[PDB]
Structure formats: structure tokens, C-alpha cells
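So the structure is just underneath, and the comments pick up after that.
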Amino acid sequence: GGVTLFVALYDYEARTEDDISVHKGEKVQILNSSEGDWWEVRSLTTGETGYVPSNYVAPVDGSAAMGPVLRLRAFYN
């Protein structure tokens, strides 16, 4: 099957040469989630890659979201 996409929850502004800026709502592909705190991602709006805080992204779909979110997603699908 295809990639599981993630979405930026919050705006994040890159401060160094290692991180990347993302804007809330932008989708990303996860490249390296082998650290808990910082994840390497590909921006699906710029094509750039770099690290963002793991807590600033969440899966777009799937099954780990709280029950009310799963129910609302199903209702509007």
C-alpha cells in the first residue's frame, strides 16, 4: 500500500540548518521517526526535507485518534 501521510498540527519555524519550516495543515511524509522527539520529514508543499518536532505532526487518518475524532471522520466520509 501507499505512504501513511502526516499533517502539521502547528506552525513550526526552522531555527537552524537541520530543521524545516512547516505551516499548519501542510502534509508531510515521515522519513526518520527513530527518535521520539525530533522527526525527519519531507514537506509535501515545498519538496524540502529536514527535522520537525514529532509532536507537531499527526497521522492524517488511521486509527489512533480519540474515539470522537474517528466517529466524526466516519460520519463525514
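Ligands are numbered from 1 in the order shown, residues from 1 within each chain, and chains are lettered A, B, ... in the order they appear in the C-alpha cells.
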Legend entry - Residues within 7 Å of range 22-39 of chain A, only C-alpha atoms, excluding chain neighbours under 4 positions, as a list in words: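 Here the answer would be residues 5, 6, 7, 8, 9, 10, 11, 12, 13, 43, 44, 45, 51, 52, 53 and 54 of chain A.
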Take the residues that were just selected and, keeping N, CA, C and O atoms, output them as a short mmCIF file (atom, residue, chain, number, x, y, z; two decimals), in the first residue's frame.
```cif
data_model
loop_
_atom_site.label_atom_id
_atom_site.label_comp_id
_atom_site.auth_asym_id
_atom_site.auth_seq_id
_atom_site.Cartn_x
_atom_site.Cartn_y
_atom_site.Cartn_z
N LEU A 5 0.38 9.36 5.31
CA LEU A 5 0.74 10.75 5.43
C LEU A 5 0.42 11.34 6.80
O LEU A 5 -0.42 10.88 7.55
N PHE A 6 1.24 12.33 7.15
CA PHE A 6 1.08 13.11 8.36
C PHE A 6 0.76 14.55 8.01
O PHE A 6 0.96 15.00 6.88
N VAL A 7 0.30 15.28 8.99
CA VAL A 7 -0.09 16.68 8.78
C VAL A 7 0.56 17.49 9.89
O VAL A 7 0.61 17.06 11.10
N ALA A 8 0.96 18.69 9.57
CA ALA A 8 1.45 19.65 10.54
C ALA A 8 0.29 20.19 11.41
O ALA A 8 -0.66 20.78 10.87
N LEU A 9 0.39 20.02 12.73
CA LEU A 9 -0.61 20.47 13.66
C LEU A 9 -0.52 21.95 13.94
O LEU A 9 -1.57 22.58 14.25
N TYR A 10 0.68 22.47 13.88
CA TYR A 10 1.03 23.79 14.30
C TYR A 10 2.06 24.30 13.32
O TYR A 10 2.92 23.54 12.83
N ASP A 11 2.15 25.61 13.21
CA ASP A 11 3.27 26.22 12.52
C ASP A 11 4.58 25.95 13.26
O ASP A 11 4.63 25.97 14.48
N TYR A 12 5.63 25.65 12.51
CA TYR A 12 6.93 25.45 13.07
C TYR A 12 7.89 26.25 12.20
O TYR A 12 7.95 26.03 11.00
N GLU A 13 8.73 27.11 12.82
CA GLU A 13 9.70 27.88 12.06
C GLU A 13 11.09 27.33 12.30
O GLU A 13 11.55 27.21 13.43
N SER A 43 8.50 17.86 3.22
CA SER A 43 7.35 18.72 3.01
C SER A 43 6.69 18.39 1.67
O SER A 43 7.31 18.44 0.63
N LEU A 44 5.39 18.14 1.71
CA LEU A 44 4.61 17.89 0.50
C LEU A 44 4.10 19.19 -0.10
O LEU A 44 3.37 19.09 -1.09
N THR A 45 4.58 20.34 0.36
CA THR A 45 4.30 21.60 -0.35
C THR A 45 5.56 22.30 -0.84
O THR A 45 5.41 23.16 -1.71
N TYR A 51 14.19 18.24 9.85
CA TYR A 51 13.59 17.83 11.09
C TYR A 51 12.54 18.80 11.61
O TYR A 51 12.63 20.01 11.43
N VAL A 52 11.50 18.22 12.18
CA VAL A 52 10.47 18.93 12.90
C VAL A 52 10.22 18.23 14.22
O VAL A 52 10.52 17.04 14.36
N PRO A 53 9.58 18.91 15.20
CA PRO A 53 9.24 18.20 16.43
C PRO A 53 8.20 17.14 16.08
O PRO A 53 7.20 17.42 15.43
N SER A 54 8.38 15.93 16.64
CA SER A 54 7.39 14.90 16.41
C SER A 54 5.99 15.29 16.88
O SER A 54 4.99 14.90 16.29
#
```
Inset, instruction - as a ChimeraX atom specification, please: all residues of chain A that backbone DSSP puts in alpha helix (DSSP H). - result: /A:67-76
Restrict the selected residues to C-alpha atoms and save them as a PDB file, in the first residue's frame.
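Ended up saving to out.pdb:
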```
ATOM      1  CA  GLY A  67     -12.876   7.881  19.604  1.00  0.00           C
ATOM      2  CA  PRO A  68     -14.888  11.116  18.863  1.00  0.00           C
ATOM      3  CA  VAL A  69     -12.486  12.059  16.026  1.00  0.00           C
ATOM      4  CA  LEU A  70     -12.720   8.571  14.468  1.00  0.00           C
ATOM      5  CA  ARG A  71     -16.523   8.793  14.677  1.00  0.00           C
ATOM      6  CA  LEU A  72     -16.609  12.263  13.114  1.00  0.00           C
ATOM      7  CA  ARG A  73     -14.296  11.238  10.310  1.00  0.00           C
ATOM      8  CA  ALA A  74     -16.544   8.215   9.528  1.00  0.00           C
ATOM      9  CA  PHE A  75     -19.680  10.357   9.697  1.00  0.00           C
ATOM     10  CA  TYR A  76     -18.388  12.830   7.082  1.00  0.00           C
TER      11      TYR A  76
END
```
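Nearest to residue 18 in chain A of all the residues A:48, A:59, A:64, A:77 is A:48, based on only C-alpha atoms.
Backbone DSSP assigns strand (DSSP E or B) in chain A to residues 6, 7, 8, 12, 19, 22, 27, 28, 29, 30, 31, 32, 38, 39, 40, 41, 42, 43, 49, 50, 51, 52, 53, 57, 58 and 59 of chain A.
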Serialized selection, N, CA and C atoms, as a compact mmCIF listing (two decimals), in the first residue's frame:
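Written out: again_14.txt:
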```
# COMPACT_ATOMS: atom_id res chain seq x y z
N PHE A 6 1.24 12.33 7.15
CA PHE A 6 1.08 13.11 8.36
C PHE A 6 0.76 14.55 8.01
N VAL A 7 0.30 15.28 8.99
CA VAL A 7 -0.09 16.68 8.78
C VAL A 7 0.56 17.49 9.89
N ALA A 8 0.96 18.69 9.57
CA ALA A 8 1.45 19.65 10.54
C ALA A 8 0.29 20.19 11.41
N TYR A 12 5.63 25.65 12.51
CA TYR A 12 6.93 25.45 13.07
C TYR A 12 7.89 26.25 12.20
N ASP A 19 16.57 21.82 10.67
CA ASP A 19 15.10 21.73 10.76
C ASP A 19 14.50 22.33 9.49
N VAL A 22 7.31 24.33 8.58
CA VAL A 22 6.05 23.83 8.09
C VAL A 22 4.96 24.77 8.63
N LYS A 27 0.77 18.80 4.54
CA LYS A 27 1.08 17.41 4.68
C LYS A 27 2.57 17.13 4.52
N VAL A 28 3.03 16.08 5.20
CA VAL A 28 4.42 15.67 5.19
C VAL A 28 4.50 14.15 5.06
N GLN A 29 5.60 13.67 4.49
CA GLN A 29 5.96 12.26 4.56
C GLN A 29 7.02 12.08 5.64
N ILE A 30 6.87 11.07 6.47
CA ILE A 30 7.88 10.76 7.50
C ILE A 30 9.02 9.99 6.89
N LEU A 31 10.23 10.45 7.15
CA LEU A 31 11.46 9.82 6.63
C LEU A 31 12.24 9.05 7.70
N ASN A 32 12.19 9.60 8.90
CA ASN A 32 13.01 9.06 10.02
C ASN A 32 12.30 9.43 11.33
N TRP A 38 12.27 14.34 17.71
CA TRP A 38 12.55 15.03 16.50
C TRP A 38 12.48 14.04 15.34
N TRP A 39 11.69 14.39 14.32
CA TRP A 39 11.47 13.51 13.15
C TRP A 39 11.93 14.17 11.88
N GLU A 40 12.58 13.41 11.00
CA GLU A 40 12.92 13.94 9.66
C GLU A 40 11.70 13.71 8.77
N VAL A 41 11.29 14.74 8.06
CA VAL A 41 10.15 14.71 7.18
C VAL A 41 10.48 15.38 5.83
N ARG A 42 9.66 15.06 4.84
CA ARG A 42 9.59 15.71 3.55
C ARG A 42 8.32 16.55 3.53
N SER A 43 8.50 17.86 3.22
CA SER A 43 7.35 18.72 3.01
C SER A 43 6.69 18.39 1.67
N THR A 49 13.38 18.84 2.83
CA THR A 49 13.42 17.83 3.92
C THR A 49 14.21 18.41 5.08
N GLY A 50 13.81 17.94 6.27
CA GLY A 50 14.52 18.30 7.47
C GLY A 50 13.72 17.86 8.67
N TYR A 51 14.19 18.24 9.85
CA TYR A 51 13.59 17.83 11.09
C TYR A 51 12.54 18.80 11.61
N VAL A 52 11.50 18.22 12.18
CA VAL A 52 10.47 18.93 12.90
C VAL A 52 10.22 18.23 14.22
N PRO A 53 9.58 18.91 15.20
CA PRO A 53 9.24 18.20 16.43
C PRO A 53 8.20 17.14 16.08
N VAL A 57 3.37 17.01 14.41
CA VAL A 57 2.72 16.31 13.31
C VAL A 57 1.89 15.15 13.85
N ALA A 58 0.85 14.77 13.12
CA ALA A 58 -0.02 13.64 13.48
C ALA A 58 -0.45 12.97 12.21
N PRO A 59 -0.82 11.69 12.26
CA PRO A 59 -1.26 11.00 11.07
C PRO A 59 -2.53 11.66 10.56
```
Inset, instruction - Quick one: pull the distance between CA of residue 1 in chain A and CA of residue 21 in chain A, Å, one decimal. - result: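 These atoms are spaced 28.2 Å apart.
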